[PDB]
Amino acid sequence: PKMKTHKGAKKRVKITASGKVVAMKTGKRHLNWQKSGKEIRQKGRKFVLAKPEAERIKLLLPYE
Amino acid sequence: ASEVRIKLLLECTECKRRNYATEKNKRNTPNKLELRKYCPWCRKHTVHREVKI
RNA sequence: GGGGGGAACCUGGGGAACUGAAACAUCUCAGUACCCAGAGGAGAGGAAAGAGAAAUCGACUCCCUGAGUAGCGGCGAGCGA
RNA sequence: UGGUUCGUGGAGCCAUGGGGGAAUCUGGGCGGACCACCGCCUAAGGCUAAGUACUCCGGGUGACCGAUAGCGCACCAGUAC
RNA sequence: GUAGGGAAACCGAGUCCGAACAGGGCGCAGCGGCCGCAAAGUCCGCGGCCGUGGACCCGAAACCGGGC
RNA sequence: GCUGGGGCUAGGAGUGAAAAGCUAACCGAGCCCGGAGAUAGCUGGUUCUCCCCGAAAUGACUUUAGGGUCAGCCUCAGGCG
RNA sequence: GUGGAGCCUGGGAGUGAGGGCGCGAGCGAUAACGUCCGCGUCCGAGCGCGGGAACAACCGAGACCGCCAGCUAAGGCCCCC
RNA sequence: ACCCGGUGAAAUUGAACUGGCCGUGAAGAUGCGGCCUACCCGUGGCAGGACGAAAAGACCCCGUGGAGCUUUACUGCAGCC
RNA sequence: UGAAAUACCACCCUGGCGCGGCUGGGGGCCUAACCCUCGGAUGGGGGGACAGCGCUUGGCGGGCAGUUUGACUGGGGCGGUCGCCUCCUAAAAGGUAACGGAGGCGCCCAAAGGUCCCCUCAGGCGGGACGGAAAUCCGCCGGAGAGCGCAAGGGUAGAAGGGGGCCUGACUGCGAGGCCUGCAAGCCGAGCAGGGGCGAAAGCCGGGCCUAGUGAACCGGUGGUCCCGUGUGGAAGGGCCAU
Ligand SMILES: [Mg+2]
Ligand SMILES: [Mg+2]
Ligand SMILES: [Mg+2]
Ligand SMILES: [Mg+2]
Ligand SMILES: [Mg+2]
Ligand SMILES: [Mg+2]
Ligand SMILES: [Mg+2]
Ligand SMILES: [Mg+2]
Ligand SMILES: [Mg+2]
Ligand SMILES: [Mg+2]
Ligand SMILES: [Mg+2]
Ligand SMILES: [Mg+2]
Ligand SMILES: [Mg+2]
Ligand SMILES: [Mg+2]
Ligand SMILES: [Mg+2]
Ligand SMILES: [Mg+2]
Ligand SMILES: [Mg+2]
Ligand SMILES: [Mg+2]
Ligand SMILES: [Mg+2]
Ligand SMILES: [Mg+2]
Ligand SMILES: [Mg+2]
Ligand SMILES: [Mg+2]
Ligand SMILES: [Mg+2]
Ligand SMILES: [Mg+2]
Ligand SMILES: [Mg+2]
Ligand SMILES: [Mg+2]
Ligand SMILES: [Mg+2]
Ligand SMILES: [Mg+2]
Ligand SMILES: [Mg+2]
Ligand SMILES: [Mg+2]
Ligand SMILES: [Mg+2]
Ligand SMILES: [Mg+2]
Ligand SMILES: [Mg+2]
Ligand SMILES: [Mg+2]
Ligand SMILES: [Mg+2]
Ligand SMILES: [Mg+2]
Ligand SMILES: [Mg+2]
Ligand SMILES: [Mg+2]
Ligand SMILES: [Mg+2]
Ligand SMILES: [Mg+2]
Ligand SMILES: [Mg+2]
Ligand SMILES: [Mg+2]
Ligand SMILES: [Mg+2]
Ligand SMILES: [Mg+2]
Ligand SMILES: [Mg+2]
Ligand SMILES: [Mg+2]
Ligand SMILES: [Mg+2]
Ligand SMILES: [Mg+2]
Ligand SMILES: [Mg+2]
Ligand SMILES: [Mg+2]
Ligand SMILES: [Mg+2]
Ligand SMILES: [Mg+2]
Ligand SMILES: [Mg+2]
Ligand SMILES: [Mg+2]
Ligand SMILES: [Mg+2]
Ligand SMILES: [Mg+2]
Ligand SMILES: [Mg+2]
Ligand SMILES: [Mg+2]
Ligand SMILES: [Mg+2]
Ligand SMILES: [Mg+2]
Ligand SMILES: [Mg+2]
Ligand SMILES: [Mg+2]
Ligand SMILES: [Mg+2]
Ligand SMILES: [Mg+2]
Ligand SMILES: [Mg+2]
Ligand SMILES: [Mg+2]
Ligand SMILES: [Mg+2]
Ligand SMILES: [Mg+2]
Ligand SMILES: [Mg+2]
Ligand SMILES: [Mg+2]
Ligand SMILES: [Mg+2]
Ligand SMILES: [Mg+2]
Ligand SMILES: [Mg+2]
Ligand SMILES: [Mg+2]
Ligand SMILES: [Mg+2]
Ligand SMILES: [Mg+2]
Ligand SMILES: [Mg+2]
Ligand SMILES: [Mg+2]
Ligand SMILES: [Mg+2]
Ligand SMILES: [Mg+2]
Ligand SMILES: [Mg+2]
Ligand SMILES: [Mg+2]
Ligand SMILES: [Mg+2]
Ligand SMILES: [Mg+2]
Ligand SMILES: [Mg+2]
Ligand SMILES: [Mg+2]
Ligand SMILES: [Mg+2]
Ligand SMILES: [Mg+2]
Ligand SMILES: [Mg+2]
Ligand SMILES: [Mg+2]
Ligand SMILES: [Mg+2]
Ligand SMILES: [Mg+2]
Ligand SMILES: [Mg+2]
Ligand SMILES: [Mg+2]
Ligand SMILES: [Mg+2]
Ligand SMILES: [Mg+2]
Ligand SMILES: [Mg+2]
Ligand SMILES: [Mg+2]
Ligand SMILES: [Mg+2]
Ligand SMILES: [Mg+2]
Ligand SMILES: [Mg+2]
Ligand SMILES: [Mg+2]
Ligand SMILES: [Mg+2]
Ligand SMILES: [Mg+2]
Ligand SMILES: [Mg+2]
Ligand SMILES: [Mg+2]
Ligand SMILES: [Mg+2]
Ligand SMILES: [Mg+2]
Ligand SMILES: [Mg+2]
Ligand SMILES: [Mg+2]
Ligand SMILES: [Mg+2]
Ligand SMILES: [Mg+2]
Ligand SMILES: [Mg+2]
Ligand SMILES: [Mg+2]
Ligand SMILES: [Mg+2]
Ligand SMILES: [Mg+2]
Ligand SMILES: [Mg+2]
Ligand SMILES: [Mg+2]
Ligand SMILES: [Mg+2]
Ligand SMILES: [Mg+2]
Ligand SMILES: [Mg+2]
Ligand SMILES: [Mg+2]
Ligand SMILES: [Mg+2]
Ligand SMILES: [Mg+2]
Ligand SMILES: [Mg+2]
Ligand SMILES: [Mg+2]
Ligand SMILES: [Mg+2]
Ligand SMILES: [Mg+2]
Ligand SMILES: [Mg+2]
Ligand SMILES: [Mg+2]
Ligand SMILES: [Mg+2]
Ligand SMILES: [Mg+2]
Ligand SMILES: [Mg+2]
Ligand SMILES: [Mg+2]
Ligand SMILES: [Mg+2]
Ligand SMILES: [Mg+2]
Ligand SMILES: [Mg+2]
Ligand SMILES: [Mg+2]
Ligand SMILES: [Mg+2]
Ligand SMILES: [Mg+2]
Ligand SMILES: [Mg+2]
Ligand SMILES: [Mg+2]
Ligand SMILES: [Mg+2]
Ligand SMILES: [Mg+2]
Ligand SMILES: [Mg+2]
Ligand SMILES: [Mg+2]
Ligand SMILES: [Mg+2]
Ligand SMILES: [Mg+2]
Ligand SMILES: [Mg+2]
Ligand SMILES: [Mg+2]
Ligand SMILES: [Mg+2]
Ligand SMILES: [Mg+2]
Ligand SMILES: [Mg+2]
Ligand SMILES: [Mg+2]
Ligand SMILES: [Mg+2]
Ligand SMILES: [Mg+2]
Ligand SMILES: [Mg+2]
Ligand SMILES: [Mg+2]
Ligand SMILES: [Mg+2]
Ligand SMILES: [Mg+2]
Ligand SMILES: [Mg+2]
Ligand SMILES: [Mg+2]
Ligand SMILES: [Mg+2]
Ligand SMILES: [Mg+2]
Ligand SMILES: [Mg+2]
Ligand SMILES: [Mg+2]
Ligand SMILES: [Mg+2]
Ligand SMILES: [Mg+2]
Ligand SMILES: [Mg+2]
Ligand SMILES: [Mg+2]
Ligand SMILES: [Mg+2]
Ligand SMILES: [Mg+2]
Ligand SMILES: [Mg+2]
Ligand SMILES: [Mg+2]
Ligand SMILES: [Mg+2]
Ligand SMILES: [Mg+2]
Ligand SMILES: [Mg+2]
Ligand SMILES: [Mg+2]
Ligand SMILES: [Mg+2]
Ligand SMILES: [Mg+2]
Ligand SMILES: [Mg+2]
Ligand SMILES: [Mg+2]
Ligand SMILES: [Mg+2]
Ligand SMILES: [Mg+2]
Ligand SMILES: [Mg+2]
Ligand SMILES: [Mg+2]
Ligand SMILES: [Mg+2]
Ligand SMILES: [Mg+2]
Ligand SMILES: [Mg+2]
Ligand SMILES: [Mg+2]
Ligand SMILES: [Mg+2]
Ligand SMILES: [Mg+2]
Ligand SMILES: [Mg+2]
Ligand SMILES: [Mg+2]
Ligand SMILES: [Mg+2]
Ligand SMILES: [Mg+2]
Ligand SMILES: [Mg+2]
Ligand SMILES: [Mg+2]
Ligand SMILES: [Mg+2]
Ligand SMILES: [Mg+2]
Ligand SMILES: [Mg+2]
Ligand SMILES: [Mg+2]
Ligand SMILES: [Mg+2]
Ligand SMILES: [Mg+2]
Ligand SMILES: [Mg+2]
Ligand SMILES: [Mg+2]
Ligand SMILES: [Mg+2]
Ligand SMILES: [Mg+2]
Ligand SMILES: [Mg+2]
Ligand SMILES: [Mg+2]
Ligand SMILES: [Mg+2]
Ligand SMILES: [Mg+2]
Ligand SMILES: [Mg+2]
Ligand SMILES: [Mg+2]
Ligand SMILES: [Mg+2]
Ligand SMILES: [Mg+2]
Ligand SMILES: [Mg+2]
Ligand SMILES: [Mg+2]
Ligand SMILES: [Mg+2]
Ligand SMILES: [Mg+2]
Ligand SMILES: [Mg+2]
Ligand SMILES: [Mg+2]
Ligand SMILES: [Mg+2]
Ligand SMILES: [Mg+2]
Ligand SMILES: [Mg+2]
Ligand SMILES: [Mg+2]
Ligand SMILES: [Mg+2]
Ligand SMILES: [Mg+2]
Ligand SMILES: [Mg+2]
Ligand SMILES: [Mg+2]
Ligand SMILES: [Mg+2]
Ligand SMILES: [Mg+2]
Ligand SMILES: [Mg+2]
Ligand SMILES: [Mg+2]
Ligand SMILES: [Mg+2]
Ligand SMILES: [Mg+2]
Ligand SMILES: [Mg+2]
Ligand SMILES: [Mg+2]
Ligand SMILES: [Mg+2]
Ligand SMILES: [Mg+2]
Ligand SMILES: [Mg+2]
Ligand SMILES: [Mg+2]
Ligand SMILES: [Zn+2]
C-alpha cells in the first residue's frame, strides 16, 4: 500500500524549495542559565542538516 | 550550581519582564542582586532585581 | 409456526496470542483468528433530535477522489477519519 | 466504560452498566469544555426495494497446469493406510 | 507542476529574525535563422534500489484460540 | 492386599502415601486443527555464459560488541579538465 | 607529472572476525604460531607460476590465449635433478 | 561361531587405484616431501588408526531466543477488607 | 451625655433555650423488603433493614498473569570499569589501542567579573623588644625556582600575579571568516547597530590566564508575547520568546 508520512519528521523539519532539510538547533530546551547570550542566540536559528541525514529524512516525507 | 549557589532571573524593575538568567551564592550574597542591564523592551539600561527562578 | 442443514458472503453477542515497538508494560498485531446466536439469496444500513460554515447540503448502501490530508500516538513503533 | 482519527487530552458527539431524575414547541438535542449570539435538527416505536458481498452450483474465456505439474484425488480419494 | 518565506497572523520575488532602511537564514534567473529546436514539469513504458506485506528459500524452542 | 465389569475427575486443569510422578510407548504444562508462511540480528542453501573494473575486516555511536546508522574503501552514469 | 590519475553531483554495493612478516613502542617474562596500537608489505582475494625438501603470507615474480623458439630473476650447476 | 544346501537384512557410504618412518602441513597425514617397505585376490580372527558409527555437544559461552520455579523486582488480576 | 443617649415600633446582630421543620451521626425496639427454616406455605417460626447482591472509593494481595533482570572482559562469573579534564605511552604535523603507567572533574567567584591607575615575587645572607625554622620591620643579593581558587600541562612580572577607584559588557539584536568533525555537538571570532562602563585619549569590555565543573529528544512547570482560537465574540487549550 502507499507510503505513510512520518509524523515525527514532519513535526521537526522542513524541506526547502531547493530540496534542503532545515531543523532547529539543539541545546536550548533547558539548562540555559549559564549559557552565554551567544550560545542562546545562535541556538535560536534554523540549520541545514548534513546531506547523508537529509536524504534519509526526505524519504520519510513522500508527499511534501 | 548547588543548594547554596542558586540560579536566578533578573527582572527589569521598570517593565517587570525577566531579561536575564544568572547565579549567585546566597550565603556570600544573601541580599537580592540589583544590576543595571540593557532591557530589550525598554530599549534602555535599567536596574534589574533578582527574582526567583 | 418453530427445531436441523448450507461452500464462502452478512449481522449481532463474545474475543486471543505469536508478532511489531530490534527488550517491555501503555500501544501494536485487531475487534483480526476463533467460539456462539441469527439471517437470507444476500445480509447490514436507511428517510435527519444528520452534516458543519457552504448565507450551504438533503435517507441509506457502494465505487472513485478527497488523503496517508485532518488529526491520534510510551507525539515511539505505528494508527488514521 | 465503549465507539470515533481522538491512548484523559481543552474531550465535545454517539452508545450505556450505577445513582439522581424533567418538560410537550414558550418543549427539546446539536454546531468539540463553557457562556452569549446566530443557525441546524426534532431522540427515547417499527418497516422499506435498487446500487454492494460471496461462489456449493451452471456456462464462457485464458501470453493458466499438463500426471513430482494442476485440486489432497485426471484412475472406484477424503479412499488405502 | 506553475511561489516562496514564517510556529502563525500575514506578507510575497520575496520573507523570517530584528528597533533597523544592519547583517544573516531560507527563497527568486536556453540556442539559432516569430518559428523550429532544446527545455520546466508531467504522463506512460522499461531497469536498479528503498517502504509496506511471509518479501530470497527451508528450520525452531515456544505463545494463543477452539476442540479431542 | 490383588483383580473383572460398570462409572466420574483433564491441560495452568486433573490425579499424585510426593518421584514435578502420571493424564494413550519422549509431560517443569497432553494431543489435534487453527492464528501460521509466528518470530529466528542465528546455521544452511541459492541454479547459464562471456567481458571490464574491484574492495573491507577501520573510525565514531549503539542494552552495542559475530547485528546495525554514518563516514572510509569499490563500482556505474553525468559533468569539470 | 595525461594516470583504470584527480574533482563535483547522483544510482548500486559489499565491508565494519582479519592474518603473517619487517620496523617502532606498550602489555607479557628483553615468553608464546601471545596480545594491543603505529608505518609498511604481502596473504586474504594471486592455495596461479619459479625458488625455499615438502609448506597462505621468506626470496623471485603480478598468469588474455597458443608455440617441440630465445633472454633472465630468485636459486642453482657431483648423482637423484 | 565354522563348512555345505535354502531364504536373505542393516546402520554407513564425496569418490578411491586407501602401506611404515621421520618431517611438513589449520598445530596428531593412506592422499604433501624425503626415505623405507611392498607380487594379485580372498577366508577365519584382534581391535591400534581411519581425529571410526550414532545423536546439527547435554558441559561452556553467545542470542536485547524460550520455558518451569522464587521473591520485601515491576506492573496488573482473582480473592479478601 | 458619649463615637452613637434613652419612652415606643420594626428589620436584623451575639449567644442561649423551648415547640417544630428538614436532615448527620449514635443507642434501643419493630416487621414487611431480603436471607434461613417449618409434613401445613396469601401462612407459622428465626435472622432482619443487617446480611446478600448491583454501581463506585481506597487498601491488602506470587493464589495467578505478563515481563524485566545492561555492556566491556585474554572464556564466563566474581572484582574492576562505563561521561568529562591533564600528562605519558604517541614512533618531532594531526590522529592513534590494551582490564597499559600516573592524577583530577560533577564545583566555584557579586568579585575571583569590566576598565583605569599604581605596585612586583619565592628564596639566601646580615640586622631588629616580647618573637621561635617560619608573624611583622630594615638593608644587600636575587628573571623568575613565587604567584595565578582546585588536577596536570601549557602559559605568564614588558603580567595572566598584588593593591585601589569608578563600575555591571556575567550586554540586547546579529555575525564576515574559520578550528574541529561520520552525524549531532563542541570551539574561536573581527565587524555593524542599539543602549551602556571605564579612560584625557589611543582604546578596551558580549564574564573569569587557558584547557574539566556536564546531559540530545519527549513530557510538563513559571514569566512574558498577544500569533491560533473548530459558525461569530470571548473563553478553554495551544504556538512563539525566556527560564
Ligand atoms: Mg512526533
Ligand atoms: Mg533547542
Ligand atoms: Mg523553551
Ligand atoms: Mg518549555
Ligand atoms: Mg561559566
Ligand atoms: Mg553572554
Ligand atoms: Mg545570560
Ligand atoms: Mg532572541
Ligand atoms: Mg498531496
Ligand atoms: Mg508543493
Ligand atoms: Mg438453534
Ligand atoms: Mg442456521
Ligand atoms: Mg436455518
Ligand atoms: Mg461484533
Ligand atoms: Mg445474542
Ligand atoms: Mg465485542
Ligand atoms: Mg464477531
Ligand atoms: Mg480470554
Ligand atoms: Mg502482546
Ligand atoms: Mg507475526
Ligand atoms: Mg516493523
Ligand atoms: Mg507485522
Ligand atoms: Mg519485540
Ligand atoms: Mg524485535
Ligand atoms: Mg523478549
Ligand atoms: Mg508485546
Ligand atoms: Mg484494536
Ligand atoms: Mg475468517
Ligand atoms: Mg442481488
Ligand atoms: Mg433488511
Ligand atoms: Mg421520521
Ligand atoms: Mg490534496
Ligand atoms: Mg485500531
Ligand atoms: Mg476512505
Ligand atoms: Mg459518561
Ligand atoms: Mg477509547
Ligand atoms: Mg492531547
Ligand atoms: Mg472524545
Ligand atoms: Mg474516551
Ligand atoms: Mg449521554
Ligand atoms: Mg442507563
Ligand atoms: Mg424550539
Ligand atoms: Mg427549552
Ligand atoms: Mg443528545
Ligand atoms: Mg453543547
Ligand atoms: Mg450540529
Ligand atoms: Mg462551537
Ligand atoms: Mg443538525
Ligand atoms: Mg418525536
Ligand atoms: Mg432494519
Ligand atoms: Mg425496484
Ligand atoms: Mg434486499
Ligand atoms: Mg441490495
Ligand atoms: Mg457476482
Ligand atoms: Mg466453474
Ligand atoms: Mg505447457
Ligand atoms: Mg497443452
Ligand atoms: Mg503420475
Ligand atoms: Mg498429483
Ligand atoms: Mg510422464
Ligand atoms: Mg475434483
Ligand atoms: Mg498429491
Ligand atoms: Mg495422485
Ligand atoms: Mg484407490
Ligand atoms: Mg512555508
Ligand atoms: Mg534576505
Ligand atoms: Mg516576532
Ligand atoms: Mg541567496
Ligand atoms: Mg520539446
Ligand atoms: Mg519528458
Ligand atoms: Mg535506494
Ligand atoms: Mg504478509
Ligand atoms: Mg515473500
Ligand atoms: Mg523485497
Ligand atoms: Mg507470550
Ligand atoms: Mg509466556
Ligand atoms: Mg500466557
Ligand atoms: Mg482448551
Ligand atoms: Mg475394578
Ligand atoms: Mg474400573
Ligand atoms: Mg470400564
Ligand atoms: Mg476426582
Ligand atoms: Mg478428567
Ligand atoms: Mg476434555
Ligand atoms: Mg497446558
Ligand atoms: Mg491449551
Ligand atoms: Mg505458575
Ligand atoms: Mg494444579
Ligand atoms: Mg499411590
Ligand atoms: Mg495419542
Ligand atoms: Mg506416557
Ligand atoms: Mg513417561
Ligand atoms: Mg512441548
Ligand atoms: Mg509451558
Ligand atoms: Mg501454556
Ligand atoms: Mg502421553
Ligand atoms: Mg480447528
Ligand atoms: Mg499472524
Ligand atoms: Mg516457522
Ligand atoms: Mg521473538
Ligand atoms: Mg536464489
Ligand atoms: Mg585489475
Ligand atoms: Mg572497527
Ligand atoms: Mg552517534
Ligand atoms: Mg553506550
Ligand atoms: Mg563502545
Ligand atoms: Mg553482548
Ligand atoms: Mg567479546
Ligand atoms: Mg547480533
Ligand atoms: Mg555506507
Ligand atoms: Mg577514492
Ligand atoms: Mg558513489
Ligand atoms: Mg563518468
Ligand atoms: Mg584503478
Ligand atoms: Mg579507483
Ligand atoms: Mg580522464
Ligand atoms: Mg543494483
Ligand atoms: Mg547500477
Ligand atoms: Mg559487514
Ligand atoms: Mg552495510
Ligand atoms: Mg562490529
Ligand atoms: Mg572489529
Ligand atoms: Mg578476529
Ligand atoms: Mg589489527
Ligand atoms: Mg610484525
Ligand atoms: Mg633487517
Ligand atoms: Mg616490533
Ligand atoms: Mg606504546
Ligand atoms: Mg631466558
Ligand atoms: Mg597473532
Ligand atoms: Mg611475536
Ligand atoms: Mg611482541
Ligand atoms: Mg598488517
Ligand atoms: Mg573472508
Ligand atoms: Mg605472492
Ligand atoms: Mg594483491
Ligand atoms: Mg603464493
Ligand atoms: Mg598457497
Ligand atoms: Mg605447485
Ligand atoms: Mg611456493
Ligand atoms: Mg616449492
Ligand atoms: Mg623443489
Ligand atoms: Mg610455502
Ligand atoms: Mg604458515
Ligand atoms: Mg596481468
Ligand atoms: Mg641463457
Ligand atoms: Mg643468481
Ligand atoms: Mg641442491
Ligand atoms: Mg645433470
Ligand atoms: Mg567347504
Ligand atoms: Mg549359507
Ligand atoms: Mg580410483
Ligand atoms: Mg594397494
Ligand atoms: Mg610444525
Ligand atoms: Mg605427521
Ligand atoms: Mg602412504
Ligand atoms: Mg597424489
Ligand atoms: Mg606438494
Ligand atoms: Mg606423497
Ligand atoms: Mg607419504
Ligand atoms: Mg613420494
Ligand atoms: Mg619402512
Ligand atoms: Mg578379514
Ligand atoms: Mg580398529
Ligand atoms: Mg578400540
Ligand atoms: Mg569384535
Ligand atoms: Mg588414516
Ligand atoms: Mg579409533
Ligand atoms: Mg577414534
Ligand atoms: Mg560422522
Ligand atoms: Mg537443527
Ligand atoms: Mg551445535
Ligand atoms: Mg551446544
Ligand atoms: Mg561436564
Ligand atoms: Mg546449564
Ligand atoms: Mg565456552
Ligand atoms: Mg542464555
Ligand atoms: Mg537486554
Ligand atoms: Mg544484542
Ligand atoms: Mg529474552
Ligand atoms: Mg518466560
Ligand atoms: Mg507457558
Ligand atoms: Mg480466605
Ligand atoms: Mg431486634
Ligand atoms: Mg419477627
Ligand atoms: Mg420474619
Ligand atoms: Mg433477634
Ligand atoms: Mg447492606
Ligand atoms: Mg463512590
Ligand atoms: Mg478496586
Ligand atoms: Mg507481589
Ligand atoms: Mg511470576
Ligand atoms: Mg509478549
Ligand atoms: Mg530493562
Ligand atoms: Mg530491569
Ligand atoms: Mg536492562
Ligand atoms: Mg557479556
Ligand atoms: Mg577472564
Ligand atoms: Mg584482552
Ligand atoms: Mg585465555
Ligand atoms: Mg581469547
Ligand atoms: Mg559484576
Ligand atoms: Mg600524542
Ligand atoms: Mg603525543
Ligand atoms: Mg603527535
Ligand atoms: Mg609522527
Ligand atoms: Mg584535523
Ligand atoms: Mg577495565
Ligand atoms: Mg574590588
Ligand atoms: Mg625576603
Ligand atoms: Mg632574620
Ligand atoms: Mg629575640
Ligand atoms: Mg625572625
Ligand atoms: Mg610558577
Ligand atoms: Mg587540589
Ligand atoms: Mg585589578
Ligand atoms: Mg578593579
Ligand atoms: Mg556613573
Ligand atoms: Mg562559519
Ligand atoms: Mg561539524
Ligand atoms: Mg567537550
Ligand atoms: Mg558545553
Ligand atoms: Mg557600541
Ligand atoms: Mg557607546
Ligand atoms: Mg563607548
Ligand atoms: Mg569620560
Ligand atoms: Mg568610546
Ligand atoms: Mg565584540
Ligand atoms: Mg579567576
Ligand atoms: Mg582577573
Ligand atoms: Mg572555568
Ligand atoms: Mg533535553
Ligand atoms: Mg518517548
Ligand atoms: Mg510543549
Ligand atoms: Mg500563553
Ligand atoms: Mg485572535
Ligand atoms: Mg469560536
Ligand atoms: Mg459580547
Ligand atoms: Mg477575533
Ligand atoms: Mg477575556
Ligand atoms: Mg493564551
Ligand atoms: Mg529559551
Ligand atoms: Zn524593561
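Every heavy atom of this structure was used, including side-chain atoms; hydrogens, water molecules and symmetry mates were not. In the text below, chain A, chain B and the rest are named by the order of the sequence lines, each starting its count at 1.
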Under 3.5 Å donor-acceptor pair, [X] side-chain atoms to [N] base atoms:
X: B/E23; N: I/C109; result: yes
X: A/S36; N: I/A170; result: no
X: A/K38; N: I/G207; result: no
X: B/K44; N: I/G194; result: no
X: B/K37; N: I/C171; result: no
X: B/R18; N: I/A242; result: no
X: B/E11; N: I/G223; result: no
X: A/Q42; N: I/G189; result: yes

If we require both distances under 3.5 Å, is [N] with [M] a Watson-Crick or G-U wobble pair?
N: H/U75; M: H/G5; value: no
N: C/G50; M: C/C57; value: yes
N: I/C99; M: I/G79; value: yes
N: C/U11; M: C/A37; value: yes

Using only side-chain N and O atoms of [X], determine if any of them is under 4.0 Å from OP1 or OP2 of [N].
X: A/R45; N: E/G24; value: no
X: A/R29; N: I/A216; value: no
X: B/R36; N: I/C167; value: no
X: B/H48; N: I/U168; value: no
X: A/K4; N: C/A77; value: no
X: A/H6; N: C/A77; value: yes
X: A/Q34; N: I/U214; value: yes
X: B/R17; N: I/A242; value: no
X: B/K24; N: I/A110; value: no
X: A/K25; N: I/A185; value: yes
X: A/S18; N: E/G27; value: yes
X: A/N32; N: I/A242; value: no
X: B/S2; N: I/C108; value: yes

Side chain of A/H30 only, heavy atoms from C-beta on: which candidate in C/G68, E/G5, I/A216 is closest?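 Closest nucleotide to the A/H30 side chain: I/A216.
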Which way does the sugar of I/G62 pucker, north or south, judged by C1'-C2'-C3'-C4'?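 That sugar belongs to the south family, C2'-endo side.
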Check every strand shown and say whether A/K28 touches a base, only sugar-phosphate, or nothing at a heavy-atom separation below 4.0 Å.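 Sugar-phosphate, backbone atoms only, no base.
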Backbone of A/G27 reached by a side-chain donor or acceptor of A/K43 within 3.5 Å: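 Answer holds: yes.
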